[PDB]
Amino acid sequence: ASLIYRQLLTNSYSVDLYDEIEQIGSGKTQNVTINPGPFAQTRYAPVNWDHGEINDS
Amino acid sequence: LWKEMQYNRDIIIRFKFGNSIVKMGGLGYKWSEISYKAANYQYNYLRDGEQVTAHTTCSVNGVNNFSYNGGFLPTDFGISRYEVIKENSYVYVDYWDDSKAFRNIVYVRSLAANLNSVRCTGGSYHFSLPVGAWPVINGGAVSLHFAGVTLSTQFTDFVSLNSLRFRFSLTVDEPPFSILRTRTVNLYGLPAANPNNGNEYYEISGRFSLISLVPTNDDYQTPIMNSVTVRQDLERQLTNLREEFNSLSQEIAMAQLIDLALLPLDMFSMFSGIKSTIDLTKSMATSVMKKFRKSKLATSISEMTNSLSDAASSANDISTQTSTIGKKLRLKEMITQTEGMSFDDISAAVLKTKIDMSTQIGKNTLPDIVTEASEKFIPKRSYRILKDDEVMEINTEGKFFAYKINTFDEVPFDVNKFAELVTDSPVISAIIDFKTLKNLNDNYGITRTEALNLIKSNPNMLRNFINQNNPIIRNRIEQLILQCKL
């Protein structure tokens, strides 16, 4: 059971290796592509307000 | 020969995000990509009584790609892939300034900072709609929290500026990002539309430490403006550091080396305590292993085991067989744990006493040294097997003896009877080989107990004879130390 202390001290180099893991995995580019769901969006339209038809003569 | 110099400074880091936009065709309703882009920034600030000029560069990673697309109709609103930053995304801020510290940033022993967090909030973007109600991007915020400083470099137009890179984490904040006048509300996160909110600069303040390793060949005379950059540094010649390491054996001691050799040396015990830079203290151990794997000795281990496995299913005359099994015994010594004094113990002791009194100066070079010594140290060595008080001893050069334990007089050798026992009975490294042992017994007549101990290569008896100042053992171990010449 004392072997755990020896293993930790011996394998401590994996700490620096893990530091490299994380601090270059952050450097590497990742992009979680959140979707649009199966249900699709849509806006009304380009709508502009104006005065209606005028009865000229 | 390499002196620590602390350069800790309190700095103010000003930076701004970079925004790139690409329009999609039609009449001007859609958009193709809204994304973060690398952004430079210049400024000046007063600190410690002088105006220091600083140059920063912000970049983003881990970015999400939300979307929104009103359909294939040629006027319906949408943004095909509009980004945001949230939990996953990081932001780097490379920082540089004209102060003296950044000239001495080539070699570093340690480097870490303490910066105060900040809250970045998104601006208001009015998407360029030609007609109608005006869509409104607004809201969204994150918080930059510092996590870790590293080295980096701006590839600036005029030169490449060595610099410090600050990796800030993120934390989404209260204002729910929305696409108002549109179908996206109560998101959270900082989108790429207007990350700066019109602010001239986002600001951080903190203190960063640094321990540079400016060189020194004389105590009184320490430099400024480290200018031995890797343009000014070049590969030290292989034969040159071979000669240096060979010269280093001028000084090694006799008994202290054995005292060191009687330690269990592991990865941490050896490779710690090396006056090295940060970039090499990070992965020195793995660097050593990578070139240790491909060494001639290591591939010989691999060939031995693979040849035995293939054999498992395949089914001066004496000098050649003795030499081949001597190489095999050397391989077995390296792979297994022998209970003797184990020549590779002495090899590792010499290796540690050599490398401890050196320095890493921008190149690791423990690869090509550790792995090279592992194969070259003690070229001609000797092993022995005791049985029935008739110990058979073998030399890697091919020589062979077989002599009694109670009295050291040799006997005719028995090839193929030594080979049956060398496979299973434990091999004993012969650091006190037969010739020196015979000299010792003849001159300093020894007893049965210490005879057996020296045959077994017992550290207790070996150190007893060394501390007796026995000339025979002293000289023998001195030659042992002297073959360690790479």
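For the protein sequence lines, the chains are U and 3, in the order given.
When the first sequence is numbered by the authors' numbering, its final residue is 58 and no position is left out of the sequence of numbers.
According to the authors' numbering, the stretch in the second sequence is residues 260 to 574, 605 to 775, in order.
Here a beta-carbon is modelled for each residue, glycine too, at the ideal position from N, C-alpha and C.
Nearest candidate by alpha-carbon position, reference residue 429 (chain 3), set 343 (chain 3), 383 (chain 3), 560 (chain 3): 343 (chain 3)
So, at 6 Å on beta carbons, what are the nonlocal neighbours of residue 580 (chain 3) in its own chain, with the 5 sequence-adjacent residues on each side left out? Since the model of chain 3 passes from 574 to 605 in one step, residue 580 (chain 3) is not part of what is shown.
Contacts that residue 327 (chain 3) makes with chain U (C-beta to C-beta distance below 8 Å): 37, 42
Chain-ordered neighbours of residue 335 (chain 3) on chain U, where CB pairs are closer than 8 Å: 43, 44, 46
In chain U, which residues lie less than 9 Å from residue 322 (chain 3) when you measure between Cβ atoms? 30, 31, 32, 33
Note down, in chain order, all residues in the stretch 347-365 of chain 3 with a beta-carbon under 7 Å from any beta-carbon belonging to chain U. 347, 349
Sequence-distant residues of its chain with Cβ nearer than 6 Å to residue 351 (chain 3) (five each side left out): 318, 424, 426
Counting pairs of beta carbons, one from the stretch 708-718 of chain 3 and one from the stretch 649-668 of chain 3, are three or more of them closer than 8 Å? no
In or out: residue 484 (chain 3) buried (at least 16 other Cβ within 10 Å) or exposed? exposed
Assumed close pair residue 537 (chain 3), residue 369 (chain 3) - CB separation to whole angstroms, cut-off 8 Å: A Cβ-Cβ distance of about 7 Å is found for the pair residue 537 (chain 3) and residue 369 (chain 3), placing them in contact under the 8 Å criterion.
Which first and last residues belong to the beta strand (DSSP E) in which residue 337 (chain 3) is found? 337-344
What are the partner residues of residue 450 (chain 3), as DSSP defines its beta bridges? 343 (chain 3)
Along chain U, in chain order, which residues have C-beta atoms closer than 7 Å to that of residue 637 (chain 3)? The contacting residues do not exist; residue 637 (chain 3) stays about 15 Å from chain U at best.
Neighbourhood of residue 641 (chain 3) by C-beta, 8 Å cutoff - its chain only, sequence neighbours within 5 removed: Only residues of its own chain outside the window of five on either side were considered, and among them 519, 524, 529 have a CB closer than 8 Å to the CB of residue 641 (chain 3), listed in chain order.
Mark residue 631 (chain 3) as exposed unless 16 or more other C-beta atoms lie within 10 angstroms of its C-beta, in which case mark it buried. buried
Run through chain 3 and tell me which residues come within less than 7 Å of residue 17 (chain U), C-beta to C-beta. 541, 542
Helix, strand or coil: how does DSSP classify residue 748 (chain 3) here? helix
DSSP state of residue 758 (chain 3), grouped into three classes? coil
What's the gap between the Cα of residue 626 (chain 3) and the Cα of residue 651 (chain 3)? 35 Å
Whose C-alpha, out of 557 (chain 3), 618 (chain 3), 294 (chain 3), 366 (chain 3), is nearest the C-alpha of residue 321 (chain 3)? Among 557 (chain 3), 618 (chain 3), 294 (chain 3), 366 (chain 3), the Cα nearest to that of residue 321 (chain 3) belongs to 294 (chain 3).
Where does residue 722 (chain 3) land, buried or exposed, given buried means 16+ other C-beta within 10 angstroms? buried
Could you tell me whether the Cβ of residue 54 (chain U) comes closer than 8 Å to any Cβ of chain 3? For residue 54 (chain U), no CB of chain 3 lies under 8 Å from its own CB, so it is not counted at the interface with that chain.
Cutoff 8 Å: residue 633 (chain 3) Cβ touching any chain U Cβ: no
In chain 3, which residues lie less than 8 Å from residue 6 (chain U) when you measure between Cβ atoms? By Cβ distance, chain 3 contributes nothing, its closest Cβ being about 11 Å from residue 6 (chain U), past 8 Å.
Consider the Cβ of residue 13 (chain U): report whether some Cβ of chain 3 lies at a distance smaller than 8 Å. yes
So, is the C-beta of residue 283 (chain 3) closer than 8 Å to a C-beta in chain U? For residue 283 (chain 3), the closest Cβ of chain U is not nearer than 8 Å.
Residue 643 (chain 3): which of 504 (chain 3), 574 (chain 3), 730 (chain 3), 724 (chain 3) sits nearest, CA to CA? Ranked by Cα distance from residue 643 (chain 3), the options 504 (chain 3), 574 (chain 3), 730 (chain 3), 724 (chain 3) are led by 504 (chain 3).
Taking just the CA atoms, how far does residue 478 (chain 3) sit from residue 346 (chain 3)? 50 Å
Give me the DSSP bridge partner(s) of residue 669 (chain 3). Per DSSP, none; premise fails for residue 669 (chain 3).
Could you have a look at residue 353 (chain 3) and say whether DSSP puts it in helix, strand or coil? Strand, per DSSP.
Test item: CB-CB of residue 269 (chain 3) and residue 466 (chain 3) under 8 Å: yes
Exposed or buried, which one is residue 645 (chain 3) when buried takes at least 16 other CB atoms within 10 Å? exposed
Since residue 473 (chain 3) contacts residue 363 (chain 3) with CB under 8 Å, what's their CB separation in whole angstroms? 6 Å
How many angstroms separate the CA atom of residue 718 (chain 3) from the CA atom of residue 267 (chain 3)? The straight-line gap separating the alpha-carbon atoms of residue 718 (chain 3) and residue 267 (chain 3) is approximately 53 Å.
Taking 8 Å as the cut-off, does the stretch 325-345 of chain 3 touch the stretch 32-50 of chain U (at least 3 CB pairs, one atom from each stretch)? yes
If contact means a Cβ-Cβ distance below 9 Å, which residues of the stretch 295-316 of chain 3 contact chain U? Flagged: no residues at all.
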